[PDB]
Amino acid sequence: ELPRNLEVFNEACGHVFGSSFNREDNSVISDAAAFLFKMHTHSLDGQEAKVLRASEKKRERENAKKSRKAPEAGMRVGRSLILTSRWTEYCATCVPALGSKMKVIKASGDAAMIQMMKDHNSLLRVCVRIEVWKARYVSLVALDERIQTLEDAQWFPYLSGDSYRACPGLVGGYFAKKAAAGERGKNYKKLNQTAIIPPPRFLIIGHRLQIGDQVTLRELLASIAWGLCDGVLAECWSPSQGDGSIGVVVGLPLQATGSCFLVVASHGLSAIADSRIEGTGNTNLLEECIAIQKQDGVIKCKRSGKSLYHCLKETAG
């Protein structure tokens, strides 16, 4: 009924949070995913210290974390997430020991341990996807101070190293910048800043985002873009009968990933660094378009020239 990743995530969240884990609230799912990600990276209190090559300051911080008592049952997480009494058992059972690697487990040959490690990897990937989607959802109506120029915005989201490792194609930030600056191997994944990510309530259920879905404007925009994206993407939504809060999806943007506008010299031609700019691109900027695929077909929509955050702020005035 469900793939391995989604089933593992559902089981883990249900076990850790019991019945307090609502299965239809984006905020609840994002908070639960963040907590599970912290648990599975040994970021919670009372777990193994990360000291393999840590600096003395990092060693002190990890020692303080280890000394600190672990979270207790009944503790409130986020807004409406309450820990059960069994969460310690789950953390002890399903969490790989610090430093564990897939090669070591494979050498061991224990099928149960291999399955547990696969479940842990899938859970990390799912939680990082949910974390990226929540970062986009927050950034629609809350500017990040660190993002002041195009260069600063070029690496959104800014997530920890574990997030980058779990999903290098979606997660940006310092680690993505480091990977791009350094040597690029055959495994290099470029940052698909505007990759389509289903809403968490859809991601856990496995329902792929598509036309006809009943989704709020903010969550749809967080799914297909973020705050500093061109406002024209708002055209991918249409309020339902009686306005309300939930509308419908009318289409999806095209060219979401893989946009390269280079032309190399050949056969006596001249190299071009940008197809769009060549000629007089400054006057053609606001004349650009985006291809939106709808149920009927593809349509080109003129760019609004205004940030998504600014459009949402203005329409909310």
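Basically, rigid core = biggest C-alpha set you can superpose within 1.5 Å across the two forms. Residue numbers run from 1 along the displayed sequence.
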| query | finding |
| --- | --- |
| Of 242 to 250 and 228 to 236, which departs more from this form in 5 other deposited structures of this protein by CA RMS after core fitting | 242 to 250 |
| Positional deviation of Cα atoms in 5 other deposited structures of this protein after core superposition, greater for 56 to 64 or 25 to 33 | 56 to 64 |
| Residue 291 unmodelled in at least a third of other compared entries | no |
| Unmodelled residue 46 in at least one third of other entries with both flanks present | no |
